[PDB]
>>> print(open('run.tsv').read())   # TSV, N, CA and C atoms and all ligand atoms
chain	number	residue	atom	x	y	z
O	886	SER	N	136.32	-16.76	8.10
O	886	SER	CA	137.77	-16.73	8.29
O	886	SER	C	138.50	-15.84	7.31
O	887	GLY	N	137.93	-15.59	6.13
O	887	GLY	CA	138.58	-14.73	5.15
O	887	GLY	C	139.38	-15.54	4.15
O	888	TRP	N	140.65	-15.19	3.99
O	888	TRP	CA	141.55	-15.89	3.08
O	888	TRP	C	142.59	-16.73	3.80
O	889	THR	N	142.64	-16.67	5.13
O	889	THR	CA	143.73	-17.30	5.87
O	889	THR	C	143.57	-18.82	5.92
O	890	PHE	N	142.33	-19.31	5.89
O	890	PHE	CA	142.06	-20.74	6.06
O	890	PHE	C	142.57	-21.60	4.91
O	891	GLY	N	142.92	-21.00	3.77
O	891	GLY	CA	143.59	-21.73	2.72
O	891	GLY	C	145.09	-21.80	2.84
O	892	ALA	N	145.67	-21.13	3.84
O	892	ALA	CA	147.12	-21.08	4.01
O	892	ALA	C	147.50	-21.21	5.47
O	893	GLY	N	146.88	-22.15	6.18
O	893	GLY	CA	147.22	-22.40	7.57
O	893	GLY	C	146.00	-22.56	8.46
O	894	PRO	N	146.12	-22.14	9.72
O	894	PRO	CA	144.98	-22.21	10.63
O	894	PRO	C	143.94	-21.15	10.30
O	895	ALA	N	142.67	-21.50	10.51
O	895	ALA	CA	141.56	-20.61	10.20
O	895	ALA	C	141.46	-19.54	11.28
O	896	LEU	N	141.64	-18.29	10.89
O	896	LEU	CA	141.56	-17.16	11.81
O	896	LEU	C	140.23	-16.45	11.59
O	897	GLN	N	139.35	-16.50	12.58
O	897	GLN	CA	138.03	-15.90	12.42
O	897	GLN	C	138.12	-14.38	12.47
O	898	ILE	N	137.41	-13.73	11.54
O	898	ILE	CA	137.35	-12.27	11.46
O	898	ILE	C	135.90	-11.83	11.32
O	899	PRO	N	135.52	-10.70	11.91
O	899	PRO	CA	134.19	-10.14	11.64
O	899	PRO	C	134.10	-9.59	10.23
O	900	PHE	N	132.99	-9.90	9.57
O	900	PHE	CA	132.76	-9.53	8.17
O	900	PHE	C	132.72	-8.04	7.81
O	901	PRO	N	132.35	-7.10	8.70
O	901	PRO	CA	132.58	-5.68	8.34
O	901	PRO	C	134.04	-5.31	8.11
O	902	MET	N	134.99	-5.94	8.80
O	902	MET	CA	136.39	-5.61	8.56
O	902	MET	C	137.02	-6.43	7.45
O	903	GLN	N	136.31	-7.41	6.87
O	903	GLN	CA	136.88	-8.11	5.73
O	903	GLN	C	136.80	-7.27	4.46
O	904	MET	N	135.74	-6.46	4.33
O	904	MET	CA	135.69	-5.49	3.24
O	904	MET	C	136.76	-4.42	3.38
O	905	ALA	N	137.11	-4.07	4.62
O	905	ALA	CA	138.17	-3.10	4.86
O	905	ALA	C	139.55	-3.64	4.49
O	906	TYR	N	139.72	-4.96	4.49
O	906	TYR	CA	140.94	-5.58	3.99
O	906	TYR	C	140.84	-5.99	2.53
O	907	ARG	N	139.75	-5.67	1.85
O	907	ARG	CA	139.63	-5.97	0.43
O	907	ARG	C	139.43	-4.74	-0.44
O	908	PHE	N	138.92	-3.64	0.12
O	908	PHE	CA	139.07	-2.35	-0.56
O	908	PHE	C	140.54	-1.95	-0.63
O	909	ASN	N	141.29	-2.19	0.45
O	909	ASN	CA	142.68	-1.76	0.55
O	909	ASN	C	143.59	-2.46	-0.45
O	910	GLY	N	143.21	-3.64	-0.94
O	910	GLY	CA	143.98	-4.30	-1.97
O	910	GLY	C	143.74	-3.77	-3.37
O	911	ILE	N	142.77	-2.88	-3.55
O	911	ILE	CA	142.47	-2.31	-4.86
O	911	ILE	C	143.28	-1.04	-5.10
O	912	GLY	N	143.28	-0.12	-4.15
O	912	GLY	CA	143.96	1.15	-4.33
O	912	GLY	C	143.22	2.29	-3.67
O	913	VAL	N	141.96	2.05	-3.32
O	913	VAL	CA	141.17	2.98	-2.52
O	913	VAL	C	141.20	2.49	-1.08
O	914	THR	N	141.28	3.41	-0.13
O	914	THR	CA	141.46	3.02	1.26
O	914	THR	C	140.14	2.52	1.85
O	915	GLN	N	140.20	2.14	3.12
O	915	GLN	CA	139.05	1.63	3.86
O	915	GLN	C	138.21	2.74	4.48
O	916	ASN	N	138.51	4.00	4.16
O	916	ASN	CA	137.71	5.12	4.66
O	916	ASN	C	136.34	5.16	4.01
O	917	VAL	N	136.20	4.62	2.81
O	917	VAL	CA	134.96	4.71	2.05
O	917	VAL	C	134.08	3.48	2.27
O	918	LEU	N	134.32	2.73	3.34
O	918	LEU	CA	133.50	1.58	3.70
O	918	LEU	C	132.51	1.87	4.83
O	919	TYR	N	133.00	2.29	6.00
O	919	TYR	CA	132.13	2.46	7.15
O	919	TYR	C	131.33	3.75	7.09
O	920	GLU	N	131.71	4.69	6.22
O	920	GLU	CA	130.98	5.94	6.12
O	920	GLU	C	129.65	5.76	5.40
O	921	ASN	N	129.56	4.78	4.50
O	921	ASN	CA	128.34	4.51	3.75
O	921	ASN	C	128.08	3.00	3.70
O	922	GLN	N	128.14	2.36	4.87
O	922	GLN	CA	128.02	0.90	4.96
O	922	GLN	C	126.63	0.41	4.57
O	923	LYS	N	125.59	1.21	4.82
O	923	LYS	CA	124.22	0.75	4.58
O	923	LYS	C	123.91	0.69	3.08
O	924	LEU	N	124.32	1.70	2.32
O	924	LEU	CA	124.04	1.69	0.88
O	924	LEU	C	124.91	0.69	0.13
O	925	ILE	N	126.06	0.32	0.68
O	925	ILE	CA	126.84	-0.79	0.14
O	925	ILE	C	126.06	-2.09	0.31
O	926	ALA	N	125.42	-2.26	1.47
O	926	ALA	CA	124.60	-3.44	1.73
O	926	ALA	C	123.38	-3.49	0.80
O	927	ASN	N	122.74	-2.34	0.57
O	927	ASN	CA	121.58	-2.31	-0.32
O	927	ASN	C	121.98	-2.54	-1.78
O	928	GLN	N	123.16	-2.06	-2.18
O	928	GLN	CA	123.69	-2.40	-3.50
O	928	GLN	C	124.09	-3.87	-3.58
O	929	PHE	N	124.42	-4.49	-2.45
O	929	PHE	CA	124.75	-5.91	-2.42
O	929	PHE	C	123.52	-6.79	-2.24
O	930	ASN	N	122.52	-6.32	-1.48
O	930	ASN	CA	121.31	-7.12	-1.29
O	930	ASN	C	120.49	-7.21	-2.57
O	931	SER	N	120.33	-6.10	-3.28
O	931	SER	CA	119.55	-6.09	-4.51
O	931	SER	C	120.28	-6.73	-5.68
O	932	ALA	N	121.60	-6.90	-5.58
O	932	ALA	CA	122.35	-7.49	-6.69
O	932	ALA	C	122.11	-8.99	-6.79
O	933	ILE	N	122.09	-9.69	-5.65
O	933	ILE	CA	121.95	-11.14	-5.66
O	933	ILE	C	120.53	-11.55	-6.06
O	934	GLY	N	119.53	-10.74	-5.69
O	934	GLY	CA	118.15	-11.04	-6.06
O	934	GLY	C	117.87	-10.92	-7.54
G	1130	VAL	N	128.48	7.75	12.06
G	1130	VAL	CA	127.92	6.90	11.02
G	1130	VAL	C	128.55	5.50	11.05
G	1131	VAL	N	129.71	5.36	11.67
G	1131	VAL	CA	130.37	4.07	11.80
G	1131	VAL	C	129.71	3.27	12.92
G	1132	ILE	N	129.52	1.97	12.69
G	1132	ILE	CA	128.94	1.08	13.68
G	1132	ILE	C	130.05	0.26	14.32
G	1133	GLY	N	129.81	-0.17	15.56
G	1133	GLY	CA	130.75	-1.01	16.27
G	1133	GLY	C	131.94	-0.30	16.87
G	1134	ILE	N	131.96	1.03	16.85
G	1134	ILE	CA	133.12	1.75	17.39
G	1134	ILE	C	133.10	1.71	18.91
G	1135	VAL	N	134.28	1.88	19.50
G	1135	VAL	CA	134.46	1.92	20.95
G	1135	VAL	C	135.24	3.17	21.32
G	1136	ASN	N	135.23	3.48	22.61
G	1136	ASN	CA	135.97	4.64	23.11
G	1136	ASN	C	137.33	4.22	23.65
G	1137	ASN	N	138.35	4.99	23.29
G	1137	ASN	CA	139.71	4.76	23.75
G	1137	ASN	C	140.50	6.06	23.59
G	1138	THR	N	141.45	6.27	24.49
G	1138	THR	CA	142.39	7.37	24.32
G	1138	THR	C	143.38	7.04	23.21
G	1139	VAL	N	143.87	8.08	22.55
G	1139	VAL	CA	144.84	7.93	21.47
G	1139	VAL	C	146.00	8.87	21.77
G	1140	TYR	N	147.18	8.51	21.28
G	1140	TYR	CA	148.39	9.27	21.53
G	1140	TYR	C	148.93	9.84	20.22
G	1141	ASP	N	149.94	10.68	20.36
G	1141	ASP	CA	150.64	11.32	19.26
G	1141	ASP	C	152.13	11.19	19.51
G	1142	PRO	N	152.95	11.00	18.47
G	1142	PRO	CA	154.41	10.98	18.68
G	1142	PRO	C	155.03	12.33	18.97
G	1143	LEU	N	154.25	13.38	19.25
G	1143	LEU	CA	154.80	14.69	19.57
G	1143	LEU	C	154.87	14.96	21.07
G	1144	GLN	N	154.06	14.31	21.90
G	1144	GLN	CA	154.26	14.41	23.35
G	1144	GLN	C	155.54	13.77	23.87
G	1145	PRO	N	156.14	12.75	23.24
G	1145	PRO	CA	157.56	12.47	23.56
G	1145	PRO	C	158.51	13.61	23.21
G	1146	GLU	N	158.11	14.55	22.35
G	1146	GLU	CA	158.88	15.77	22.14
G	1146	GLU	C	158.30	16.94	22.94
G	1147	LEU	N	157.01	17.24	22.76
G	1147	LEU	CA	156.45	18.45	23.37
G	1147	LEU	C	156.23	18.27	24.87
G	1148	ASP	N	155.61	17.17	25.29
G	1148	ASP	CA	155.34	17.01	26.72
G	1148	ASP	C	156.57	16.60	27.52
G	1149	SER	N	157.70	16.37	26.85
G	1149	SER	CA	159.00	16.37	27.50
G	1149	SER	C	159.68	17.73	27.42
G	1150	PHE	N	159.05	18.73	26.79
G	1150	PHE	CA	159.64	20.05	26.65
G	1150	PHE	C	158.69	21.16	27.09
G	1151	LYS	N	157.38	20.96	26.94
G	1151	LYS	CA	156.42	21.94	27.46
G	1151	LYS	C	156.48	22.02	28.98
G	1152	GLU	N	156.72	20.89	29.65
G	1152	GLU	CA	157.04	20.95	31.07
G	1152	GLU	C	158.39	21.60	31.30
G	1153	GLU	N	159.36	21.39	30.40
G	1153	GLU	CA	160.66	22.04	30.52
G	1153	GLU	C	160.56	23.53	30.23
G	1154	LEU	N	159.75	23.92	29.23
G	1154	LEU	CA	159.55	25.34	28.97
G	1154	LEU	C	158.70	26.00	30.05
G	1155	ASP	N	157.83	25.24	30.72
G	1155	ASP	CA	157.13	25.78	31.89
G	1155	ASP	C	158.07	25.91	33.08
G	1156	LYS	N	159.05	25.01	33.20
G	1156	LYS	CA	160.09	25.15	34.21
G	1156	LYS	C	160.95	26.38	33.95
G	1157	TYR	N	161.25	26.66	32.67
G	1157	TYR	CA	161.92	27.91	32.32
G	1157	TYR	C	161.01	29.11	32.55
G	1158	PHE	N	159.70	28.94	32.40
G	1158	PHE	CA	158.75	30.00	32.70
G	1158	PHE	C	158.67	30.28	34.20
G	1159	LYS	N	158.96	29.28	35.03
G	1159	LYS	CA	159.08	29.50	36.46
G	1159	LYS	C	160.25	30.41	36.79
G	1160	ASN	N	161.37	30.24	36.08
G	1160	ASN	CA	162.51	31.14	36.21
G	1160	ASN	C	162.33	32.44	35.43
G	1161	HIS	N	161.38	32.48	34.49
G	1161	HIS	CA	161.16	33.68	33.69
G	1161	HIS	C	160.46	34.77	34.49
G	1162	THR	N	159.49	34.40	35.33
G	1162	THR	CA	158.72	35.36	36.12
G	1162	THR	C	158.96	35.20	37.61
G	1163	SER	N	160.10	34.62	38.00
G	1163	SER	CA	160.43	34.51	39.42
G	1163	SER	C	160.66	35.85	40.13
G	1164	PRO	N	161.41	36.85	39.57
G	1164	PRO	CA	161.48	38.03	40.43
G	1164	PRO	C	160.32	39.00	40.21
N	1130	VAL	N	171.00	-8.33	19.84
N	1130	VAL	CA	170.60	-9.63	19.32
N	1130	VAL	C	170.62	-9.66	17.79
N	1131	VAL	N	171.48	-8.86	17.18
N	1131	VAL	CA	171.58	-8.78	15.72
N	1131	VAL	C	173.05	-8.78	15.33
N	1132	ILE	N	173.35	-9.37	14.18
N	1132	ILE	CA	174.72	-9.56	13.72
N	1132	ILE	C	175.13	-8.38	12.85
N	1133	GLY	N	176.27	-7.78	13.18
N	1133	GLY	CA	176.89	-6.81	12.29
N	1133	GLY	C	176.25	-5.45	12.24
N	1134	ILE	N	175.61	-5.01	13.31
N	1134	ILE	CA	175.00	-3.69	13.33
N	1134	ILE	C	176.09	-2.64	13.54
N	1135	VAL	N	175.86	-1.44	13.01
N	1135	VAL	CA	176.88	-0.40	12.93
N	1135	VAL	C	176.42	0.80	13.75
N	1136	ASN	N	177.29	1.28	14.64
N	1136	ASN	CA	177.02	2.49	15.39
N	1136	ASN	C	177.01	3.71	14.47
N	1137	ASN	N	175.98	4.55	14.63
N	1137	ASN	CA	175.85	5.76	13.84
N	1137	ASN	C	174.94	6.73	14.59
N	1138	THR	N	174.93	7.98	14.13
N	1138	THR	CA	174.10	9.03	14.71
N	1138	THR	C	172.95	9.30	13.75
N	1139	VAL	N	171.79	8.73	14.05
N	1139	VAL	CA	170.60	8.93	13.22
N	1139	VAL	C	170.00	10.29	13.54
N	1140	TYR	N	169.80	11.10	12.50
N	1140	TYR	CA	169.26	12.44	12.68
N	1140	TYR	C	167.76	12.38	12.96
N	1141	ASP	N	167.25	13.46	13.55
N	1141	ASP	CA	165.83	13.63	13.79
N	1141	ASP	C	165.31	14.75	12.91
N	1142	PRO	N	164.36	14.49	12.01
N	1142	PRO	CA	163.91	15.54	11.08
N	1142	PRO	C	163.12	16.66	11.74
N	1143	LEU	N	162.57	16.45	12.93
N	1143	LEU	CA	161.89	17.51	13.67
N	1143	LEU	C	162.80	18.19	14.68
N	1144	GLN	N	164.08	17.81	14.74
N	1144	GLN	CA	164.99	18.41	15.72
N	1144	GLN	C	165.37	19.86	15.42
N	1145	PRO	N	165.98	20.20	14.26
N	1145	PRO	CA	166.59	21.54	14.16
N	1145	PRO	C	165.60	22.68	14.01
N	1146	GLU	N	164.36	22.41	13.59
N	1146	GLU	CA	163.35	23.47	13.49
N	1146	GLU	C	162.99	24.02	14.87
N	1147	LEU	N	162.80	23.13	15.85
N	1147	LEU	CA	162.59	23.58	17.22
N	1147	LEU	C	163.90	23.98	17.89
N	1148	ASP	N	165.03	23.40	17.47
N	1148	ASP	CA	166.31	23.80	18.04
N	1148	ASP	C	166.69	25.22	17.67
N	1149	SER	N	166.26	25.69	16.49
N	1149	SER	CA	166.45	27.09	16.13
N	1149	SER	C	165.55	28.00	16.95
N	1150	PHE	N	164.40	27.49	17.41
N	1150	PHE	CA	163.54	28.27	18.29
N	1150	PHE	C	163.99	28.22	19.75
N	1151	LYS	N	164.85	27.26	20.10
N	1151	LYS	CA	165.36	27.17	21.47
N	1151	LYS	C	166.17	28.40	21.85
N	1152	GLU	N	167.09	28.84	20.98
N	1152	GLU	CA	167.87	30.03	21.30
N	1152	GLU	C	167.03	31.30	21.17
N	1153	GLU	N	165.96	31.26	20.36
N	1153	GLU	CA	165.04	32.39	20.30
N	1153	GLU	C	164.26	32.54	21.60
N	1154	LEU	N	163.84	31.42	22.20
N	1154	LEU	CA	163.19	31.47	23.50
N	1154	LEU	C	164.17	31.86	24.60
N	1155	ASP	N	165.41	31.37	24.51
N	1155	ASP	CA	166.44	31.75	25.47
N	1155	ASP	C	166.81	33.22	25.37
N	1156	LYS	N	166.65	33.81	24.18
N	1156	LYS	CA	166.84	35.25	24.03
N	1156	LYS	C	165.80	36.04	24.83
N	1157	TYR	N	164.54	35.59	24.81
N	1157	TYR	CA	163.51	36.22	25.63
N	1157	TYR	C	163.76	36.00	27.12
N	1158	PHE	N	164.23	34.80	27.48
N	1158	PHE	CA	164.56	34.51	28.88
N	1158	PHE	C	165.71	35.38	29.38
N	1159	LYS	N	166.71	35.62	28.53
N	1159	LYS	CA	167.80	36.52	28.91
N	1159	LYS	C	167.35	37.97	28.93
N	1160	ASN	N	166.47	38.36	28.00
N	1160	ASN	CA	166.02	39.74	27.89
N	1160	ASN	C	165.05	40.13	29.00
N	1161	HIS	N	164.37	39.17	29.63
N	1161	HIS	CA	163.41	39.49	30.67
N	1161	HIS	C	163.91	39.25	32.09
N	1162	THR	N	164.56	38.12	32.35
N	1162	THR	CA	164.93	37.76	33.72
N	1162	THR	C	166.09	38.60	34.25
N	1163	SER	N	167.15	38.77	33.45
N	1163	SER	CA	168.35	39.49	33.88
N	1163	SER	C	168.15	40.98	34.19
N	1164	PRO	N	167.43	41.78	33.36
N	1164	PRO	CA	167.32	43.15	33.87
N	1164	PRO	C	166.12	43.35	34.79
V	1	LIG	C1	126.78	-8.48	17.62
V	1	LIG	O1	125.50	-9.04	17.24
V	1	LIG	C2	124.53	-9.10	18.30
V	1	LIG	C3	123.30	-9.77	17.73
V	1	LIG	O2	122.40	-8.81	17.18
V	1	LIG	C4	124.25	-7.70	18.84
V	1	LIG	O3	123.35	-7.79	19.93
V	1	LIG	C5	125.56	-7.04	19.28
V	1	LIG	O4	125.31	-5.70	19.69
V	1	LIG	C6	126.58	-7.06	18.15
V	1	LIG	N1	127.84	-6.49	18.60
V	1	LIG	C7	128.16	-5.20	18.44
V	1	LIG	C8	129.50	-4.79	18.96
V	1	LIG	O5	127.40	-4.40	17.90
V	2	LIG	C1	132.21	7.69	24.20
V	2	LIG	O1	132.19	8.87	25.04
V	2	LIG	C2	131.15	9.81	24.73
V	2	LIG	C3	131.34	10.99	25.65
V	2	LIG	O2	132.47	10.81	26.50
V	2	LIG	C4	129.79	9.14	24.88
V	2	LIG	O3	128.77	10.07	24.50
V	2	LIG	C5	129.71	7.90	24.01
V	2	LIG	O4	128.48	7.22	24.24
V	2	LIG	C6	130.87	6.95	24.32
V	2	LIG	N1	130.83	5.79	23.44
V	2	LIG	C7	131.03	4.54	23.86
V	2	LIG	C8	130.96	3.47	22.81
V	2	LIG	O5	131.26	4.28	25.04
V	3	LIG	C1	178.77	0.97	19.79
V	3	LIG	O1	178.75	1.74	21.01
V	3	LIG	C2	178.74	0.95	22.21
V	3	LIG	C3	178.59	1.92	23.36
V	3	LIG	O2	179.20	3.17	23.08
V	3	LIG	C4	180.03	0.13	22.29
V	3	LIG	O3	180.01	-0.65	23.48
V	3	LIG	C5	180.16	-0.77	21.07
V	3	LIG	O4	181.42	-1.44	21.09
V	3	LIG	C6	180.02	0.04	19.77
V	3	LIG	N1	180.23	-0.76	18.55
V	3	LIG	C7	179.54	-1.76	17.94
V	3	LIG	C8	178.24	-2.26	18.56
V	3	LIG	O5	179.96	-2.26	16.90
>>> encode(input="run.tsv", output="structure tokens")
Amino acid sequence: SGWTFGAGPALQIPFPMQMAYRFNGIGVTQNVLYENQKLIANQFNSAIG
Amino acid sequence: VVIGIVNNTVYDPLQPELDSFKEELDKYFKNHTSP
Amino acid sequence: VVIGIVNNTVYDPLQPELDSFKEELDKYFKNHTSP
């Protein structure tokens, strides 16, 4: 659901577009998400292990 | 490289200007080469 | 459906650049069709 479920009804969102709404809150746009989505996943998969 | 994309037509706010005038300028072009 | 709105003439920022070309195109239309 993202962040909406803490402030009302839970609105389901697909997880590829949740990063696009969380890069945009930093100052860099969402253009740098889908262009290199696989290496972001590999940087995220190896981090938790 | 993007996944999950779909096909759709997209518009521009210039055809409310140009495509309301390029047809008008083509109408003037009809009078331009009429004789 | 709004309280206290004021009539005014909102300008268009893309209007006068093409409007200056309108009489330039009409100059070609006058220079070609009439003679
Ligand atoms: C959603 O996931 C399923 C399961 O793998 C997949 O078959 C489907 O293609 C995915 N949807 C899109 C739009 O890729
Ligand atoms: C979009 O259209 C192009 C050509 O018109 C085609 O090659 C492509 O597979 C289409 N993509 C989808 C998701 O329909
Ligand atoms: C604005 O213009 C319309 C139509 O010309 C007129 O009916 C109206 O009284 C004007 N004034 C307003 C909305 O304050």
>>> interface_residues(input="run.tsv", of="chain G", to="chain O", cutoff="7 Å", atoms="only N, CA and C atoms", output="number ranges by chain")
G: 1130-1132
>>> residues_around(input="run.tsv", residues="residue 1160 of chain G", least_positions_apart="5", cutoff="8 Å", atoms="only N, CA and C atoms", output="PDB file with N, CA and C atoms, in the frame of the given file")
ATOM      1  N   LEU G1154     159.750  23.920  29.230  1.00  0.00           N
ATOM      2  CA  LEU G1154     159.550  25.340  28.970  1.00  0.00           C
ATOM      3  C   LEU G1154     158.700  26.000  30.050  1.00  0.00           C
ATOM      4  N   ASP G1155     157.830  25.240  30.720  1.00  0.00           N
ATOM      5  CA  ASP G1155     157.130  25.780  31.890  1.00  0.00           C
ATOM      6  C   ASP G1155     158.070  25.910  33.080  1.00  0.00           C
TER       7      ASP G1155
ATOM      8  N   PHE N1158     164.230  34.800  27.480  1.00  0.00           N
ATOM      9  CA  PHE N1158     164.560  34.510  28.880  1.00  0.00           C
ATOM     10  C   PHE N1158     165.710  35.380  29.380  1.00  0.00           C
ATOM     11  N   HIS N1161     164.370  39.170  29.630  1.00  0.00           N
ATOM     12  CA  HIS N1161     163.410  39.490  30.670  1.00  0.00           C
ATOM     13  C   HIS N1161     163.910  39.250  32.090  1.00  0.00           C
ATOM     14  N   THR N1162     164.560  38.120  32.350  1.00  0.00           N
ATOM     15  CA  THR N1162     164.930  37.760  33.720  1.00  0.00           C
ATOM     16  C   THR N1162     166.090  38.600  34.250  1.00  0.00           C
TER      17      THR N1162
END
>>> atom_distance(input="run.tsv", atom1="atom N of residue 929 of chain O", atom2="atom N of residue 891 of chain O")
25.6 Å
>>> calpha_fit_and_write(input="run.tsv", fixed="chain G", moving="chain N", output="mmCIF file with N, CA and C atoms, in the frame of the given file")
data_model
loop_
_atom_site.group_PDB
_atom_site.id
_atom_site.type_symbol
_atom_site.label_atom_id
_atom_site.label_comp_id
_atom_site.auth_asym_id
_atom_site.auth_seq_id
_atom_site.Cartn_x
_atom_site.Cartn_y
_atom_site.Cartn_z
ATOM 1 N N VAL N 1130 128.034 7.252 12.228
ATOM 2 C CA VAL N 1130 127.464 6.563 11.078
ATOM 3 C C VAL N 1130 128.166 5.230 10.811
ATOM 4 N N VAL N 1131 128.695 4.605 11.851
ATOM 5 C CA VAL N 1131 129.412 3.333 11.723
ATOM 6 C C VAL N 1131 128.961 2.404 12.839
ATOM 7 N N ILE N 1132 128.932 1.110 12.546
ATOM 8 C CA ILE N 1132 128.413 0.101 13.462
ATOM 9 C C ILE N 1132 129.552 -0.447 14.310
ATOM 10 N N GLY N 1133 129.357 -0.438 15.625
ATOM 11 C CA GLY N 1133 130.255 -1.153 16.519
ATOM 12 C C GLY N 1133 131.594 -0.515 16.766
ATOM 13 N N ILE N 1134 131.695 0.800 16.686
ATOM 14 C CA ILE N 1134 132.958 1.474 16.947
ATOM 15 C C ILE N 1134 133.186 1.540 18.456
ATOM 16 N N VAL N 1135 134.455 1.549 18.859
ATOM 17 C CA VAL N 1135 134.845 1.390 20.256
ATOM 18 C C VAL N 1135 135.567 2.654 20.709
ATOM 19 N N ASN N 1136 135.130 3.217 21.836
ATOM 20 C CA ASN N 1136 135.811 4.347 22.435
ATOM 21 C C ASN N 1136 137.187 3.938 22.958
ATOM 22 N N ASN N 1137 138.198 4.753 22.633
ATOM 23 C CA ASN N 1137 139.557 4.501 23.077
ATOM 24 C C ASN N 1137 140.333 5.815 23.024
ATOM 25 N N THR N 1138 141.511 5.811 23.645
ATOM 26 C CA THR N 1138 142.395 6.971 23.672
ATOM 27 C C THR N 1138 143.559 6.694 22.733
ATOM 28 N N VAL N 1139 143.484 7.244 21.528
ATOM 29 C CA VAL N 1139 144.550 7.073 20.538
ATOM 30 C C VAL N 1139 145.695 8.013 20.882
ATOM 31 N N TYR N 1140 146.898 7.450 20.999
ATOM 32 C CA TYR N 1140 148.069 8.239 21.355
ATOM 33 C C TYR N 1140 148.540 9.067 20.162
ATOM 34 N N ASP N 1141 149.303 10.116 20.466
ATOM 35 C CA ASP N 1141 149.934 10.949 19.461
ATOM 36 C C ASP N 1141 151.435 10.750 19.524
ATOM 37 N N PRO N 1142 152.080 10.279 18.455
ATOM 38 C CA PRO N 1142 153.522 9.986 18.526
ATOM 39 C C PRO N 1142 154.403 11.221 18.639
ATOM 40 N N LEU N 1143 153.912 12.402 18.284
ATOM 41 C CA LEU N 1143 154.661 13.642 18.466
ATOM 42 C C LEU N 1143 154.302 14.354 19.760
ATOM 43 N N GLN N 1144 153.428 13.771 20.586
ATOM 44 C CA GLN N 1144 153.022 14.432 21.829
ATOM 45 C C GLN N 1144 154.107 14.471 22.905
ATOM 46 N N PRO N 1145 154.657 13.331 23.387
ATOM 47 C CA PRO N 1145 155.463 13.415 24.621
ATOM 48 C C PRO N 1145 156.835 14.039 24.444
ATOM 49 N N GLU N 1146 157.368 14.095 23.219
ATOM 50 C CA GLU N 1146 158.663 14.746 22.989
ATOM 51 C C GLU N 1146 158.578 16.250 23.251
ATOM 52 N N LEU N 1147 157.511 16.894 22.764
ATOM 53 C CA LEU N 1147 157.290 18.297 23.088
ATOM 54 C C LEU N 1147 156.706 18.468 24.486
ATOM 55 N N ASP N 1148 155.974 17.470 24.994
ATOM 56 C CA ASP N 1148 155.451 17.567 26.351
ATOM 57 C C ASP N 1148 156.547 17.536 27.398
ATOM 58 N N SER N 1149 157.658 16.840 27.113
ATOM 59 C CA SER N 1149 158.816 16.888 27.997
ATOM 60 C C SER N 1149 159.508 18.240 27.930
ATOM 61 N N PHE N 1150 159.398 18.942 26.795
ATOM 62 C CA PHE N 1150 159.944 20.289 26.698
ATOM 63 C C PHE N 1150 159.012 21.348 27.286
ATOM 64 N N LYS N 1151 157.739 21.003 27.495
ATOM 65 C CA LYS N 1151 156.792 21.948 28.093
ATOM 66 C C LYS N 1151 157.198 22.329 29.508
ATOM 67 N N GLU N 1152 157.551 21.346 30.347
ATOM 68 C CA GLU N 1152 157.968 21.675 31.706
ATOM 69 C C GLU N 1152 159.364 22.296 31.726
ATOM 70 N N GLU N 1153 160.185 22.020 30.701
ATOM 71 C CA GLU N 1153 161.475 22.690 30.591
ATOM 72 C C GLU N 1153 161.306 24.171 30.274
ATOM 73 N N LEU N 1154 160.346 24.509 29.405
ATOM 74 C CA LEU N 1154 160.043 25.906 29.136
ATOM 75 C C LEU N 1154 159.389 26.578 30.337
ATOM 76 N N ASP N 1155 158.520 25.847 31.042
ATOM 77 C CA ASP N 1155 157.903 26.374 32.254
ATOM 78 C C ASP N 1155 158.913 26.595 33.368
ATOM 79 N N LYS N 1156 160.002 25.819 33.367
ATOM 80 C CA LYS N 1156 161.091 26.060 34.310
ATOM 81 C C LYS N 1156 161.762 27.413 34.059
ATOM 82 N N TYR N 1157 161.974 27.766 32.786
ATOM 83 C CA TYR N 1157 162.509 29.083 32.456
ATOM 84 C C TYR N 1157 161.519 30.196 32.792
ATOM 85 N N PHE N 1158 160.227 29.943 32.553
ATOM 86 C CA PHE N 1158 159.192 30.925 32.898
ATOM 87 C C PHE N 1158 159.118 31.160 34.404
ATOM 88 N N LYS N 1159 159.274 30.099 35.197
ATOM 89 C CA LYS N 1159 159.306 30.265 36.651
ATOM 90 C C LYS N 1159 160.598 30.914 37.114
ATOM 91 N N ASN N 1160 161.723 30.590 36.465
ATOM 92 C CA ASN N 1160 163.024 31.105 36.866
ATOM 93 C C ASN N 1160 163.211 32.574 36.499
ATOM 94 N N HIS N 1161 162.472 33.093 35.517
ATOM 95 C CA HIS N 1161 162.634 34.475 35.106
ATOM 96 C C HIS N 1161 161.554 35.420 35.619
ATOM 97 N N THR N 1162 160.285 35.031 35.547
ATOM 98 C CA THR N 1162 159.194 35.948 35.879
ATOM 99 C C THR N 1162 159.078 36.196 37.382
ATOM 100 N N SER N 1163 159.131 35.132 38.193
ATOM 101 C CA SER N 1163 158.954 35.240 39.642
ATOM 102 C C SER N 1163 160.029 36.050 40.379
ATOM 103 N N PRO N 1164 161.350 35.875 40.109
ATOM 104 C CA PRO N 1164 162.199 36.783 40.885
ATOM 105 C C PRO N 1164 162.431 38.122 40.192
#
>>> residues_near_ligand(input="run.tsv", ligand="ligand LIG 1 (chain V)", cutoff="9 Å", atoms="only C-alpha atoms and all ligand atoms", output="mmCIF file with N, CA and C atoms, in the coordinates of the input")
data_model
loop_
_atom_site.group_PDB
_atom_site.id
_atom_site.type_symbol
_atom_site.label_atom_id
_atom_site.label_comp_id
_atom_site.auth_asym_id
_atom_site.auth_seq_id
_atom_site.Cartn_x
_atom_site.Cartn_y
_atom_site.Cartn_z
ATOM 1 N N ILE G 1132 129.520 1.970 12.690
ATOM 2 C CA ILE G 1132 128.940 1.080 13.680
ATOM 3 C C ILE G 1132 130.050 0.260 14.320
ATOM 4 N N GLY G 1133 129.810 -0.170 15.560
ATOM 5 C CA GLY G 1133 130.750 -1.010 16.270
ATOM 6 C C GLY G 1133 131.940 -0.300 16.870
ATOM 7 N N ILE G 1134 131.960 1.030 16.850
ATOM 8 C CA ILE G 1134 133.120 1.750 17.390
ATOM 9 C C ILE G 1134 133.100 1.710 18.910
ATOM 10 N N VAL G 1135 134.280 1.880 19.500
ATOM 11 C CA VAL G 1135 134.460 1.920 20.950
ATOM 12 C C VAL G 1135 135.240 3.170 21.320
#
